[PDB]
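Asker: One structure follows; several queries about it will come next.
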Amino acid sequence: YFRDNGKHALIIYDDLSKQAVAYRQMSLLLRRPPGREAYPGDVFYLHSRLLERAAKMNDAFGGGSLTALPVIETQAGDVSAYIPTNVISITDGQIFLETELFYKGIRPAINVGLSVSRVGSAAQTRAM
Amino acid sequence: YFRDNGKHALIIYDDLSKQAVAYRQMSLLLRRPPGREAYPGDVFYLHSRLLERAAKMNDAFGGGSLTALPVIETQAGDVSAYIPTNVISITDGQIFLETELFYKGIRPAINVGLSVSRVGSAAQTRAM
Amino acid sequence: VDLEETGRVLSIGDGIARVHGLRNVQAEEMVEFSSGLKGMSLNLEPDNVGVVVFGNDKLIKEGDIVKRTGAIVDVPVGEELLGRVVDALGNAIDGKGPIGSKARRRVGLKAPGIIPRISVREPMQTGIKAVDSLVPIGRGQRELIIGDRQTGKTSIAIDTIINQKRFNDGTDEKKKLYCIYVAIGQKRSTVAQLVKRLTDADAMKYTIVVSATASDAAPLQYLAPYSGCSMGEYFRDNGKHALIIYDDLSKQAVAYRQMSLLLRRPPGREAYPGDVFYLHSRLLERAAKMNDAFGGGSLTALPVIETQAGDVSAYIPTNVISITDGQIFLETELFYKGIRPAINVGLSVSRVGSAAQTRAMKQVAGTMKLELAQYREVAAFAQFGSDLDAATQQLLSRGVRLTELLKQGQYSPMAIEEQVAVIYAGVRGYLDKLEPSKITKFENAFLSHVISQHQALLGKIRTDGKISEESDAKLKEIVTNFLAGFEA
Amino acid sequence: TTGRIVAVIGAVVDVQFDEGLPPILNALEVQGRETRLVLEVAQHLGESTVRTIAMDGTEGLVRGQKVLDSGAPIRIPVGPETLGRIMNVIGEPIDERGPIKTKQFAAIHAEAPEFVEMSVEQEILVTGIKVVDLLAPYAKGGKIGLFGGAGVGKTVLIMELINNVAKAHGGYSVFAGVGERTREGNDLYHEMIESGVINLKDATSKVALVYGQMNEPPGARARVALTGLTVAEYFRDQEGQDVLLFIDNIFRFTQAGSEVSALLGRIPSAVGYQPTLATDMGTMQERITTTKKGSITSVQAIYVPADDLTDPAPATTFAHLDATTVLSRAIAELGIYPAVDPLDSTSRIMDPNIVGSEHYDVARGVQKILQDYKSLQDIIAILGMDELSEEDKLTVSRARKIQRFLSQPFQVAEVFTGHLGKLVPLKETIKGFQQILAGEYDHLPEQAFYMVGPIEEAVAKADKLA
Amino acid sequence: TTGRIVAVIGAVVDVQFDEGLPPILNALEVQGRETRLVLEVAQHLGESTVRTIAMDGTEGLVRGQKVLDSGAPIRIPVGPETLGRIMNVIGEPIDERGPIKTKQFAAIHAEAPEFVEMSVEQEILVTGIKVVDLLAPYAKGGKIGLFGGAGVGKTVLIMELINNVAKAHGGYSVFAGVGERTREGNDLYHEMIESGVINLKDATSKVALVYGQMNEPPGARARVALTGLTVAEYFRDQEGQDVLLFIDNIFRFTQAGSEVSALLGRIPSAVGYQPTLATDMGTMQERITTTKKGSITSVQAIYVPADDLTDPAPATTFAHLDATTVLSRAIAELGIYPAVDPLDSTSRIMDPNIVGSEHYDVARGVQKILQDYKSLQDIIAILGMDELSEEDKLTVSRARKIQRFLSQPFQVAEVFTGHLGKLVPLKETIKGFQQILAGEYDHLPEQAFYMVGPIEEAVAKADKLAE
Amino acid sequence: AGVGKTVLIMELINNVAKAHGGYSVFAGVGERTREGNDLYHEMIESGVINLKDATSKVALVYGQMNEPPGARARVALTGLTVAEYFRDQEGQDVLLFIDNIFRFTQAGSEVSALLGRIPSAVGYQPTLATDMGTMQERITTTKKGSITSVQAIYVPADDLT
Amino acid sequence: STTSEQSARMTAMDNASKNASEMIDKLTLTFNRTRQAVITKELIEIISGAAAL
Ligand SMILES: Nc1ncnc2c1ncn2[C@@H]1O[C@H](COP(=O)(O)OP(=O)(O)NP(=O)(O)O)[C@@H](O)[C@H]1O
Ligand SMILES: Nc1ncnc2c1ncn2[C@@H]1O[C@H](COP(=O)(O)OP(=O)(O)NP(=O)(O)O)[C@@H](O)[C@H]1O
Ligand SMILES: Nc1ncnc2c1ncn2[C@@H]1O[C@H](COP(=O)(O)OP(=O)(O)NP(=O)(O)O)[C@@H](O)[C@H]1O
Ligand SMILES: [Cl-]
Ligand SMILES: [Mg+2]
Ligand SMILES: [Mg+2]
Ligand SMILES: [Mg+2]
Ligand code: NA
């Protein structure tokens, strides 16, 4: 609504891991053929169609935007798991928060080397 | 009968792994739903019904007893397998036997660190 | 209402036609739809017939007639197939005139029993030193090739075909070997490049190429090894010798799984059917060595299987290992280290053994297979730089330089005598003092020298098929005087 | 003639026909929609009913809704007028530039070229990327596959190959966006307008764009790959021209197949996939090839789910390729970009007869010293580099200097790296790694080789440090 | 009574009867066939219909084709006229030497011997194989099982046991070739004719062959194991004689069950197998036994899919065995043949009261030094040999020599080894591993123990390696 | 057990009943009938249970292991309802001891299987998060009072993930 | 030499303890992911065969 009215919105899905679990529940009760971690084939499509709707519109459409900050919960830092890679493969970068850094006192516990922004520099002020 | 009528008894189930396979065969061919390792949902209900009937009676009902020594064959040391996971949690204690200890010269090959009796000292004489 | 020789399609989808009627149809019988496509009647049920479709199912529709052939699936057979590239049903697909052979043979015939066979003894020379010495193949034997992607599996098969040219230009009929290469699930550009390779070395003239590529339907990929087997079984039963290469049976198993799953047959292990072992067992058993009473011909098989992460202890690899008479296991670790061909010595075996070798090779590579297995055990054991006795450092010194001899390039397979010559130097201990890195240089200089001057000695080993005490003394004089030149 | 919807579930819609049953693969028009909703016939169920896969969302569909037989498969515009234009699965223009006025059309389901039509000539294609050119080089008209896990450099790599080849390549191109990001499509479109390869004023465009991205439902992602081919199949056959065919990402074809197959009600294969994974891939992939009539050089980005190359989707794809550039997260995390595995990447032209014996020896020499270094990784992980012997430490120091010299700054990734983009010729690619193997830079440090073009820059970078 | 075929899906064939419905296990004869085609009734589906499994290939079968009921299960030839001849699953000759000239037949299905029929004798049977005799020796009148993955020496071992034990044996024998290689059937058949164990002319043949190989469909492989043991059951009870019952491979009985299980309308059990694995194995394996009336010494080759001994098939087989010889690919990979796992193979008779304390104490000493070495291997690969104690690297050197002295060149395996075949007596086996344990050959090198018969050959070979 | 687990429970019952004026509840989710006997009589002898007068500081709710999956599934909810009285109706800060919470998950996995629902990853019920969530969200603070809960965690295979 | 040696060993074996410690964490998590995968994948086979009759 804000995107398609020349305004700027921010959305935070907290968290898409729990949503995926809920969709696995619905899928397995429907007796649909499961796969990795018992998830269905469209668990990628679940998140892909959601996060695709976060966009930056042109001036002809109003110049509005919807910015997405989805959340995922990894098990012991495993970024290579099914659902983490699925959402990594959808989004335009990541903010990896490492548990070892949180324990020391580095807070917020952002790993710099692992974290990426794919369209970042363009949307960053000349001062910074 | 021995337990009820004052006396004490000892029972050895050798083994509950093979009993579970027999019960699984029936449950699969009666088309009951197969769970983990193809066993039915009432496989814990099966072994817990059996093992709970072993008991130390008080003086009023007799004073007698029935003592269970069930056996469980693990596969490649996997004590976390479905049927071993059941009978471990049901029972009052475990005597873990391992292949590496057996051929090392530890015979009987009982793991002291992992084996446990939750009753413990209460079933010992002051000498021991 | 005559729905005995004819029948109507109830439903078509994913290559599985369900046919009403056809009361008098047989199991595994070929049938023909309205459009002209062929089908196979694999499921006979009370109210329908499950027919697997050889081709694109767009041509089949509901209410289409299905006529009986009255015959089991069968393919063309004979000498006219040689030099030609065909598909799973023997139809020519190389821009040339069609297959004009008069004889014909069934695809799904059972293998010969105990009495028609005789034990394996005639050598089937691959021209690859690591195979011929360590894991020798005989005529009628079944030797699996196996390993990860790009480990050199097909390359073992190519040289084995190209090595037969030396024999096939001669006049002796029992010396000849007519090859077959069944391509299951590959792409057409790869099979085209493979045929180009054989035609450059003039190998096609005695080679039949059966091509069930990825774009072809699952039944054609399923059928193609059995079709090519029946083309080889013609040579076998009429007193001639043939080779066949199923490249590969993993891609065949995927095709068979698709048919079986879409015929609503409950799948077993890893989604494959219960009878996935039986799929490969009945194919390979047909490759055999016949006795003199049945003409004395043979069919030698070389199936290929793909592994994942170098795991020979997996369900499908172990199935095909449990059928075949040994295997040649390749590894990516050994490949990139320079060990090419990348044959793991311990994991590879041959179950005919020295019975399938010549007497010459039996002398020089008699106890070489086991000695090389112990070398890798001892070399891996003493990786740390500790002191060792003279007997174990000799085993390491020997084993390193034997491995450098068994290295070999491709598109240049060696004759049995020339293999015996180069293996002599290593096993009899002349290489031991030289540096490991110069062993490949030694071999090339030694091989080109014996080809130049000593054609009588190489010829005498080829004629006799052994190393005499005369020839032993000549080689002893040649290598010792050669070694003194190299060491300086 | 006319049909009626009987059931609907996701992308799978069943349609009954009173008279005249439509054959398999025919496009069916749903009557009464704002946009055009195409249903493609997948099966005949029986009792005059056919199962179909929709090319757009099935929301709004009611049982008994009218459906027409188009009388053919999904036909699209193909020709010179497709260049400089974007189109969806069904050939509709999606760039707000009106009709695509072509003279011909073409069905997206054509049978693949027969064995008779196969070319066998393998000519090398110089990329400018060292690991590719050195170890697993591409061939002109060859099938090229870029395997990669989530976020390791597939799209960066395929966009670098567009920059190096497509401009230097005097011929047409095709980019088929199969199930990736719609904003990346916007990035491609407006990059190509600004660069010159697409021209809005003129008709001098060198690229035709096709797009069915991860916002689209499964039936669309499953067919959009084929729509991209059909455009490239015209330029190959009907003009006799050399073609580039970029596809990002061909995994989404097979992923989408898993989504429809579930709803089609089949028994699944291993890892929850469709039982037709290999045959669906075959009929698609065999059309992507260089025939006798014309040349298609095809670069396919291949997503690897959960970094697992043993997964059925990537595992089957290997067979359909002439060169494989296998990316790695392990290599990416250590800073080496592009993150190519030199021991898991292969090419069928890596042959001393084709590339020349000097090339082959330097490639296999690099792979030997890399594989020797890999075998020591269990011992180096625990104790360290210092605990090894003098012979073993020398191979490690060279291998690490090789691994860093295998890295290179890309022109498309100047924002990420910071370094200026480089494109190393084939002569200096062989020469650089040839010197390192001989041991002419054992004295130089490791990080001097990290992110440099030719071997000359490795000496220049090392001198500034001291 | 006459019936009609109603369905054919692979080896599974459904048959409908109007009047007389045949019971389970009954052999049904299919008419209109050139060769004889038996169908054994497995289940009753209902509606006057029964589900069967075919003993030969089903190709050519038509719906409505006539099927007669024999009124009995599969009955095969039994008696001393079977000796020298090769049978198949349904009791026909496959050797081309006329009919099996006997007028007495036995059904392949039968109840296993009762508990009262069981014997408890267990005297040692010395094979001449060092690793087997030392660590996990076999017993006369006892069940022996040869486990192993694909290509580790199960057949090479079982043939060597036939070479060593069966030739020097007064009583009869039976080799049941269940679901393995027709080539190996040919090899055995003509090798026994050479040695005079089978004689084509006179009636002095000791072994009776039975074969249903991997060229056959599942019904054949699922029942040919039973066929073979029914021949041995006659030689046990009716004769009263020591029978040797070799089986290769008894996994194929269970495998053949798993191939058809889906088509019989069963939910699969763990790892794709039938629910009826243990009960089907039980009614078969319990018949393979020694009783009061006669002694059977049964050697059975047991395949292990994917080299995983936890697999339902081999996992269930262990309990049926008195002695177990487990083979490993890991050991065969190093050249150590026979590739027996010394820390996995076991026997019931390994007791100081049965084989004596001097035998027992050496066998455990070998297992200890090998087991202690197995733990070290992984530690000393990283941290190096020089960190070990002098007591440890003594036990490392001794262990590696003991591993090699467990290896042995077989006569049947002469074509693979390149070394002459050797049979080591039990006395010289025990003394050999006694001396190596005590440290009497610590001065001698490592490779002298590899691939030799007695301990004496190590001393001689050690001097040969000097030059 | 054997590290003062049952002693720690009893003291938490004792101390919270004294200071905060809040009673407790014990829910034996898969109680070993032998250990149900021991916990009952140890609570009597200590003082937290009183048999003669009404100064008892715990309600006990046992769903023993020999009972079917339906029993062990819902026995946590039964004891939770006893705590809901003291919170809602009488405004107390209540304790709810659940032993064992893995057996609540396990009993749910058995029930789901029996009904014919297809299992999820590692054999657990597809409704694992909801079955947990519908129970755990009742254990919370309200304006009336609260229900705090000590829960016995069994980690299968020593795997936290 | 020996005062440097004992310092150099104490340093290297402190790193060898930390490296092995992080490898236990990596391997223990890989063990569990494989453990759960084998239980899941085996269960999918049973359900696939059961809902196909
Ligand atoms: N003996 C050899 N010496 C040198 N190079 C070799 C040798 N054998 C194979 N190669 C090379 O290794 C690569 C793979 O060979 P190939 O025979 O295609 O293996 P493959 O396993 O059949 N490939 P694929 O079936 O596609 O996984 C080719 O580029 C060959 O040139
Ligand atoms: N004792 C031995 N000595 C030398 N070589 C051996 C020995 N045992 C096995 N081999 C080698 O390994 C091969 C496999 O032996 P074999 O007995 O056929 O294994 P298997 O376990 O019976 N295979 P399968 O029945 O297919 O599961 C032999 O043909 C030899 O080449
Ligand atoms: N050559 C390179 N130089 C510098 N950075 C790179 C390079 N390649 C990849 N990256 C980094 O990795 C990120 C993701 O790369 P990308 O090209 O999106 O790979 P991908 O596999 O296509 N991603 P996805 O589609 O989400 O799986 C980029 O935004 C860069 O930060
Ligand atoms: Cl003794
Ligand atoms: Mg190949
Ligand atoms: Mg990308
Ligand atoms: Mg065998
Ligand atoms: Na590079």
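Residue names in the structure tokens use chain letters A, B, ... in the order shown, residue numbers from 1 in each chain, and ligand numbers from 1 in the order shown.
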Please identify every residue of chain C that has at least one atom no more than 7 Å from any atom of chain E, counting only C-alpha atoms, and report them as a ChimeraX atom specification.
Answerer: /C:23-28,42-46,110-111,113-115,117-119,265-266,268-269,274-275,281-282,285,313-315,318,321-322,346-347,353-355,366-367,370,373-374,377,384,391
Asker: Check which residues fall inside 8 Å of ligand 8 when counting only C-alpha atoms and all ligand atoms, and print them as a list in words.
Answerer: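 Here is the list of contacting residues: residues 129, 130, 131, 132, 337, 338, 340, 405, 406, 407, 408 and 409 of chain D.
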Asker: Would you save the residues from that selection as a PDB file, in the first residue's frame, using N, CA, C and O atoms?
Answerer:
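Output (result-v6.pdb):
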ATOM      1  N   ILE D 129      39.466 -14.947 -17.945  1.00  0.00           N
ATOM      2  CA  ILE D 129      39.459 -15.429 -16.567  1.00  0.00           C
ATOM      3  C   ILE D 129      40.480 -16.565 -16.510  1.00  0.00           C
ATOM      4  O   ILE D 129      40.364 -17.543 -17.253  1.00  0.00           O
ATOM      5  N   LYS D 130      41.478 -16.418 -15.637  1.00  0.00           N
ATOM      6  CA  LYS D 130      42.658 -17.299 -15.623  1.00  0.00           C
ATOM      7  C   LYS D 130      42.365 -18.775 -15.330  1.00  0.00           C
ATOM      8  O   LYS D 130      42.831 -19.640 -16.067  1.00  0.00           O
ATOM      9  N   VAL D 131      41.604 -19.053 -14.270  1.00  0.00           N
ATOM     10  CA  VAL D 131      41.237 -20.432 -13.887  1.00  0.00           C
ATOM     11  C   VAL D 131      40.481 -21.152 -14.999  1.00  0.00           C
ATOM     12  O   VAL D 131      40.709 -22.341 -15.239  1.00  0.00           O
ATOM     13  N   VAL D 132      39.599 -20.417 -15.677  1.00  0.00           N
ATOM     14  CA  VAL D 132      38.813 -20.958 -16.775  1.00  0.00           C
ATOM     15  C   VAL D 132      39.760 -21.255 -17.931  1.00  0.00           C
ATOM     16  O   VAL D 132      39.940 -22.411 -18.287  1.00  0.00           O
ATOM     17  N   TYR D 337      38.266 -14.830  -5.123  1.00  0.00           N
ATOM     18  CA  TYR D 337      37.173 -14.547  -6.056  1.00  0.00           C
ATOM     19  C   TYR D 337      37.759 -14.355  -7.463  1.00  0.00           C
ATOM     20  O   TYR D 337      38.762 -13.649  -7.600  1.00  0.00           O
ATOM     21  N   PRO D 338      37.175 -14.960  -8.506  1.00  0.00           N
ATOM     22  CA  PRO D 338      36.010 -15.854  -8.437  1.00  0.00           C
ATOM     23  C   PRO D 338      36.322 -17.178  -7.742  1.00  0.00           C
ATOM     24  O   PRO D 338      37.415 -17.724  -7.908  1.00  0.00           O
ATOM     25  N   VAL D 340      36.340 -20.367  -7.773  1.00  0.00           N
ATOM     26  CA  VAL D 340      36.324 -21.583  -8.585  1.00  0.00           C
ATOM     27  C   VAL D 340      37.153 -22.666  -7.900  1.00  0.00           C
ATOM     28  O   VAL D 340      38.210 -22.383  -7.336  1.00  0.00           O
ATOM     29  N   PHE D 405      47.132 -16.498  -7.069  1.00  0.00           N
ATOM     30  CA  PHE D 405      47.280 -16.097  -8.475  1.00  0.00           C
ATOM     31  C   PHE D 405      46.108 -16.589  -9.342  1.00  0.00           C
ATOM     32  O   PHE D 405      45.843 -16.018 -10.402  1.00  0.00           O
ATOM     33  N   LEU D 406      45.408 -17.635  -8.892  1.00  0.00           N
ATOM     34  CA  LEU D 406      44.141 -18.051  -9.513  1.00  0.00           C
ATOM     35  C   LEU D 406      43.006 -17.034  -9.306  1.00  0.00           C
ATOM     36  O   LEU D 406      42.074 -16.994 -10.113  1.00  0.00           O
ATOM     37  N   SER D 407      43.068 -16.228  -8.243  1.00  0.00           N
ATOM     38  CA  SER D 407      42.117 -15.120  -8.053  1.00  0.00           C
ATOM     39  C   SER D 407      42.402 -13.977  -9.030  1.00  0.00           C
ATOM     40  O   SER D 407      43.524 -13.835  -9.526  1.00  0.00           O
ATOM     41  N   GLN D 408      41.378 -13.166  -9.293  1.00  0.00           N
ATOM     42  CA  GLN D 408      41.466 -12.064 -10.259  1.00  0.00           C
ATOM     43  C   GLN D 408      40.344 -11.057 -10.005  1.00  0.00           C
ATOM     44  O   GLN D 408      39.219 -11.463  -9.704  1.00  0.00           O
ATOM     45  N   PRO D 409      40.641  -9.744 -10.120  1.00  0.00           N
ATOM     46  CA  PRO D 409      39.591  -8.741  -9.990  1.00  0.00           C
ATOM     47  C   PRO D 409      38.738  -8.674 -11.256  1.00  0.00           C
ATOM     48  O   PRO D 409      39.277  -8.613 -12.362  1.00  0.00           O
TER      49      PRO D 409
END
Asker: Against ligand 6, which residues of chain D fall within 9 Å? For each one I want the closest pair of atoms and the distance in Å (one decimal), counting only C-alpha atoms and all ligand atoms, rows by chain and increasing residue number, as CSV.
Answerer:
residue,atom,partner,partner_atom_place_in_ligand_line,distance
D:148,CA,ligand 6,1 (Mg),8.9
D:150,CA,ligand 6,1 (Mg),7.7
D:151,CA,ligand 6,1 (Mg),6.9
D:152,CA,ligand 6,1 (Mg),8.4
D:153,CA,ligand 6,1 (Mg),7.0
D:154,CA,ligand 6,1 (Mg),5.5
D:155,CA,ligand 6,1 (Mg),4.2
D:156,CA,ligand 6,1 (Mg),7.4
D:180,CA,ligand 6,1 (Mg),6.7
D:181,CA,ligand 6,1 (Mg),7.8
D:184,CA,ligand 6,1 (Mg),8.6
D:248,CA,ligand 6,1 (Mg),7.1
D:249,CA,ligand 6,1 (Mg),7.5
D:301,CA,ligand 6,1 (Mg),8.0
D:303,CA,ligand 6,1 (Mg),8.0
Asker: Tell me which protein, DNA and RNA residues are within 12 Å of range 112-118 of chain E, counting only C-alpha atoms, leaving out same-chain ones fewer than 4 positions away, and put them as a PyMOL selection string.
Answerer: chain E and resi 108+141-142+226+229-230+233+236-237+281-296
Asker: For the residues selected in the previous step, produce a file with N, CA, C and O atoms as a compact mmCIF listing (two decimals), in the first residue's frame.
Answerer:
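Saved the output as result-v9.txt:
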# COMPACT_ATOMS: atom_id res chain seq x y z
N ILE E 108 9.43 -78.70 -0.85
CA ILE E 108 10.43 -77.71 -0.40
C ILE E 108 10.04 -76.93 0.86
O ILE E 108 10.91 -76.38 1.52
N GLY E 141 28.91 -80.01 12.95
CA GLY E 141 27.48 -79.99 13.24
C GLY E 141 26.99 -78.64 13.73
O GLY E 141 26.13 -78.58 14.62
N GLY E 142 27.52 -77.57 13.15
CA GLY E 142 27.25 -76.21 13.59
C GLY E 142 27.09 -75.25 12.43
O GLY E 142 27.59 -75.50 11.33
N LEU E 226 15.55 -72.97 -0.41
CA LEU E 226 14.75 -74.04 0.21
C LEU E 226 14.93 -75.38 -0.51
O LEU E 226 15.07 -76.41 0.14
N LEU E 229 18.24 -77.04 0.52
CA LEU E 229 18.28 -77.57 1.89
C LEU E 229 17.35 -78.77 2.09
O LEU E 229 17.56 -79.56 3.00
N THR E 230 16.33 -78.90 1.24
CA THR E 230 15.45 -80.09 1.25
C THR E 230 16.20 -81.35 0.80
O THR E 230 15.87 -82.45 1.25
N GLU E 233 18.20 -82.12 3.88
CA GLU E 233 17.30 -82.66 4.90
C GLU E 233 17.06 -84.17 4.77
O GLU E 233 16.91 -84.86 5.78
N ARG E 236 20.25 -85.80 6.01
CA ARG E 236 20.31 -85.72 7.48
C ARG E 236 19.50 -86.85 8.13
O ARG E 236 20.07 -87.71 8.80
N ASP E 237 18.19 -86.83 7.92
CA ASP E 237 17.25 -87.67 8.68
C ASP E 237 17.21 -89.12 8.18
O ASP E 237 17.53 -90.04 8.93
N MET E 281 13.01 -65.42 7.22
CA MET E 281 14.35 -65.94 7.49
C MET E 281 14.32 -67.06 8.53
O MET E 281 15.06 -68.03 8.41
N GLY E 282 13.46 -66.91 9.54
CA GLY E 282 13.36 -67.86 10.65
C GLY E 282 12.90 -69.25 10.27
O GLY E 282 13.53 -70.24 10.65
N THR E 283 11.81 -69.33 9.51
CA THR E 283 11.28 -70.62 9.05
C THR E 283 12.20 -71.33 8.04
O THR E 283 12.10 -72.54 7.86
N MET E 284 13.09 -70.57 7.40
CA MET E 284 14.13 -71.12 6.52
C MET E 284 15.38 -71.54 7.31
O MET E 284 15.83 -72.68 7.19
N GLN E 285 15.93 -70.61 8.09
CA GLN E 285 17.18 -70.84 8.84
C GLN E 285 17.09 -71.91 9.94
O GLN E 285 18.06 -72.63 10.18
N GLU E 286 15.93 -72.00 10.60
CA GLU E 286 15.71 -73.03 11.63
C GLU E 286 15.73 -74.46 11.09
O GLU E 286 16.02 -75.39 11.84
N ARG E 287 15.42 -74.64 9.81
CA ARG E 287 15.54 -75.94 9.14
C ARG E 287 17.01 -76.30 8.89
O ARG E 287 17.39 -77.47 9.00
N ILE E 288 17.83 -75.30 8.56
CA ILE E 288 19.27 -75.48 8.39
C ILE E 288 19.88 -75.66 9.78
O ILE E 288 20.28 -74.69 10.42
N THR E 289 19.92 -76.90 10.26
CA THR E 289 20.44 -77.19 11.60
C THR E 289 20.83 -78.65 11.81
O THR E 289 20.44 -79.53 11.04
N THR E 290 21.61 -78.87 12.86
CA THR E 290 21.95 -80.20 13.35
C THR E 290 20.88 -80.63 14.34
O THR E 290 20.44 -79.83 15.18
N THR E 291 20.47 -81.89 14.25
CA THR E 291 19.47 -82.48 15.14
C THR E 291 19.99 -83.78 15.74
O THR E 291 21.14 -84.17 15.50
N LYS E 292 19.15 -84.44 16.54
CA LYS E 292 19.45 -85.79 17.05
C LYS E 292 19.66 -86.79 15.92
O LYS E 292 20.64 -87.54 15.93
N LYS E 293 18.75 -86.80 14.94
CA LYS E 293 18.78 -87.79 13.85
C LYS E 293 19.95 -87.65 12.86
O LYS E 293 20.30 -88.62 12.19
N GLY E 294 20.55 -86.46 12.77
CA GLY E 294 21.68 -86.24 11.86
C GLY E 294 22.37 -84.91 12.04
O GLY E 294 21.76 -83.94 12.50
N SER E 295 23.64 -84.86 11.65
CA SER E 295 24.48 -83.68 11.80
C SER E 295 24.65 -82.95 10.47
O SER E 295 25.05 -83.56 9.48
N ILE E 296 24.32 -81.65 10.44
CA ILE E 296 24.61 -80.78 9.30
C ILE E 296 25.62 -79.71 9.74
O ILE E 296 25.39 -79.01 10.73
Asker: Tell me as a list in words which residues belonging to chain B come within 10 Å of chain G, counting only C-alpha atoms.
Answerer: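 Written out as asked, the residues are residues 28, 31, 33, 34, 35, 36, 37, 38, 80, 81 and 82 of chain B.
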Asker: Within 8 Å of ligand 5, counting only C-alpha atoms and all ligand atoms, which protein or nucleic acid residues do you find, written as a compact mmCIF listing (two decimals) with C-alpha atoms, in the first residue's frame?
Answerer:
# COMPACT_ATOMS: atom_id res chain seq x y z
CA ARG C 149 32.52 -37.79 -12.83
CA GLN C 150 35.55 -37.03 -15.07
CA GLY C 152 38.53 -41.34 -16.90
CA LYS C 153 35.82 -44.05 -17.08
CA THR C 154 34.89 -43.77 -20.79
CA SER C 155 38.61 -43.37 -21.69
CA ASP C 247 28.07 -46.38 -20.61
CA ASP C 248 26.36 -46.03 -18.27
Asker: Which residues are near range 12-26 of chain G? Cut-off 9 Å, only C-alpha atoms, ignore same chain within fewer than 6 positions. Put them as a PDB file with N, CA and C atoms, in the first residue's frame.
Answerer:
ATOM      1  N   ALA D 381      45.552 -28.775   9.409  1.00  0.00           N
ATOM      2  CA  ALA D 381      44.432 -28.270  10.221  1.00  0.00           C
ATOM      3  C   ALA D 381      44.682 -28.375  11.730  1.00  0.00           C
ATOM      4  N   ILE D 382      45.290 -29.478  12.169  1.00  0.00           N
ATOM      5  CA  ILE D 382      45.571 -29.708  13.592  1.00  0.00           C
ATOM      6  C   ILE D 382      46.836 -28.957  14.026  1.00  0.00           C
ATOM      7  N   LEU D 383      47.981 -29.355  13.472  1.00  0.00           N
ATOM      8  CA  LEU D 383      49.295 -28.898  13.947  1.00  0.00           C
ATOM      9  C   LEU D 383      49.732 -27.575  13.326  1.00  0.00           C
ATOM     10  N   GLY D 384      49.665 -27.488  11.998  1.00  0.00           N
ATOM     11  CA  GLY D 384      50.012 -26.266  11.262  1.00  0.00           C
ATOM     12  C   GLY D 384      50.998 -26.506  10.135  1.00  0.00           C
TER      13      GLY D 384
END
Asker: CA of residue 315 in chain D and CA of residue 221 in chain C, how far apart in Å?
Answerer: 18.1 Å
Asker: Give me, as a list in words, the set of residues whose atoms come within 10 Å of any atom of ligand 4, counting only C-alpha atoms and all ligand atoms.
Answerer: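 With only C-alpha atoms and all ligand atoms and a cut-off of 10 Å, ligand 4 is contacted by residues 351, 352, 353, 354, 355, 356, 357, 358, 359, 360, 361, 362, 426, 427 and 430 of chain E.
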